[PDB]
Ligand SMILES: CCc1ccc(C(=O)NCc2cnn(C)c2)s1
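Given next, in structure tokens, is a single chain: the form deposited without this ligand.
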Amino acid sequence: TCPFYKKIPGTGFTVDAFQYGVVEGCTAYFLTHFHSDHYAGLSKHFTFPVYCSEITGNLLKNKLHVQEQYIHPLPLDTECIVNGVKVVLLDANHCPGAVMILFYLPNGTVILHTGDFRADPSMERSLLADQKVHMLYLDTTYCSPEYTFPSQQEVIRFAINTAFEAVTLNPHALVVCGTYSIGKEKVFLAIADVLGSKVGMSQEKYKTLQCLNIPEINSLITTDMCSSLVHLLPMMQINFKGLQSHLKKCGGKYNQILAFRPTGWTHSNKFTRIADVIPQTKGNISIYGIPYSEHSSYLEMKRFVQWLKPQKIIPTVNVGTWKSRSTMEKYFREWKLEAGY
């Protein structure tokens, strides 16, 4: 059935709850971002109001074929009334089009649902600063102190410097980047830019990217693989067998591949600095695993919550085991006791 943590009290609202059939009592279905664990169940057959950002709304229409009449895009940073309740969408610093939702309940309670987010100090100067939030529905993906990772800017600098050196030493090397969803576009775009190439990809993936309102996008991507020296492929194909295969396809235009796998966290983070990362190599193929995250580190999540000072926290991730639930709850208490709320 629909879990309680997908339901917003005192409203007829749900959040990221599209795989339970008709949810009894639900008058509006909010969608925080276009990732499949969250949109699961949507299709052209859906006949209830969907509320979301403009970008998420472009992907609903084009990729899932949801009917225009049921898509209700809202602008960010703007007080909006939905079925008699004041809401606000905010940038979640996750993938394109990803939002957090502020609900202002008729009774005076204020609820923030983060969706999926990477907490940032810039959030402390949005409309969140203007009033008190009583309840926080929190993206707890990396809610444990072992989860450190570098800034996004540091990771992109590593990737750009690595690719530029490799191709300047060998102008017949190909660069390949993995993808399985929207997000982490800066990886392949920043590498393409430093190399003076467009990024080459399949028709399906090009269509996906053309929904994202990225400025000057026609100048950065293409479906002509032959004219491009940065290729995007399915994350599944980022391994030695899949890469040798792909190299054969290019017809002797290239004699080396340098590939990037943007992972979330991986255990070499607890030991290794970004400056010290190394590839796995077999022959003329090298694969780099780089920790580009679009979720909060443990310290970023902690700072956000200690700034916000909510009265109650409802986790939306890792809720499936008693061990994880009990661990999260202990961090919440530490944080509250250290900060004094």
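Numbering starts at 1 and runs along the sequence shown.
Keep in mind that the form solved in complex with this ligand is not shown, yet the notes after this line are about it.
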In the bound PDB entry, segment of 197 to 205, 155 to 163, 222 to 230, 129 to 137 with a heavy atom within 4.5 Å of this ligand:
129 to 137
With the partner left out of view, is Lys312 within 4.5 angstroms of this ligand in the bound PDB entry by any non-hydrogen atom?
yes
Taking this ligand as it sits in the bound PDB entry, is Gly252 in contact with it (heavy atom to heavy atom, 4.5 Å or less)?
no
Should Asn269 be counted as a contact of this ligand in the bound PDB entry, where contact means heavy atoms within 4.5 Å?
no
Just to make sure I understand: among 106 to 138, which residues lie within 4.5 Å of this ligand in the bound PDB entry, judging by heavy atoms?
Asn107, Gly108, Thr109, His134, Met135
